[PDB]
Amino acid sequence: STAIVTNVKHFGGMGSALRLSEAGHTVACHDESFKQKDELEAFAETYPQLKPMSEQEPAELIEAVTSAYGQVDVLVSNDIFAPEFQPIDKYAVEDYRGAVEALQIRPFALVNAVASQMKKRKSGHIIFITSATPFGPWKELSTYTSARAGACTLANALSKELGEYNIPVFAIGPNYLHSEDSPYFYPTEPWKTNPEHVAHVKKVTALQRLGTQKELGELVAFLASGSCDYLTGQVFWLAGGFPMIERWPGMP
């Protein structure tokens, strides 16, 4: 079918787009850098199987993909934001508004724009790439963490109404997901190359390693395949067993 992957260059974007395309889907890709023709053309050349779009806004993007490929069957809202770790009193209120806009309002706007066509034909899949941070909150990241939780619940809530139209809705919350060249949020440098970082990952995850783009991609393609729609409403914690809890003194 036809799929849309947002912010393709970052977070769970490449894994999702690449595997979806390998599965036979036509994959329209969005990214902030695609505003520049040079960036869009370069992407199209490197990944000829993907279909980069210049459209930036929700309604604009959904309309563009629908016109170019007929309809949108799979929506992968791969949302990102660049937060700072700050004590609550050090954040500016605008810092939270920014987090909520990028992590909650955006996915909401995308579903709001594509839901009608999916409901009319009673078919489609909606996948939010959120975060596992709500499951094990770190101190001093209240904006990003709470916004991600809003997105997770948004997906679960949406599954309740869209199920009547045979539209599954899922949320994939990753952590320690290798992002390769993207800084969102675990790039090769330094996460796979610096001792302290490698050791940190070994300590906090059960599998003692970063998750791979391949793994995220396999999950996305599996859910979008229609092989297991009954998991609708699920929030998947793609965090390799994180968080590992510190044990008592003397214990290995």
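In this text, residue numbers run from 1 along the sequence as written.
- Of the two segments examined, 240 to 248 and 227 to 235, it is 240 to 248 that shows the higher average Cα temperature factor in the deposited entry.
- When the mean C-alpha temperature factors of 203 to 211 and 53 to 61 are read from the deposited coordinates, 53 to 61 comes out higher.
- Residue-level inspection of the entry shows that, of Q86, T143, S116, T133, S116 has the top Cα B-factor.
- The entry lists a Cα temperature factor for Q71 that places it in the highest third of the chain's modelled residues.
- When all modelled residues of the chain are sorted by CA temperature factor, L40 is found within the highest third.
- When the modelled residues of the chain are ordered by C-alpha B-factor, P48 sits in the highest third.
- Compared with the other modelled residues of the chain, the Cα B-factor recorded for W191 ranks in the middle third.
- Among the modelled residues of its chain, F185 has a C-alpha B-factor that falls in the middle third, as given in the PDB entry.
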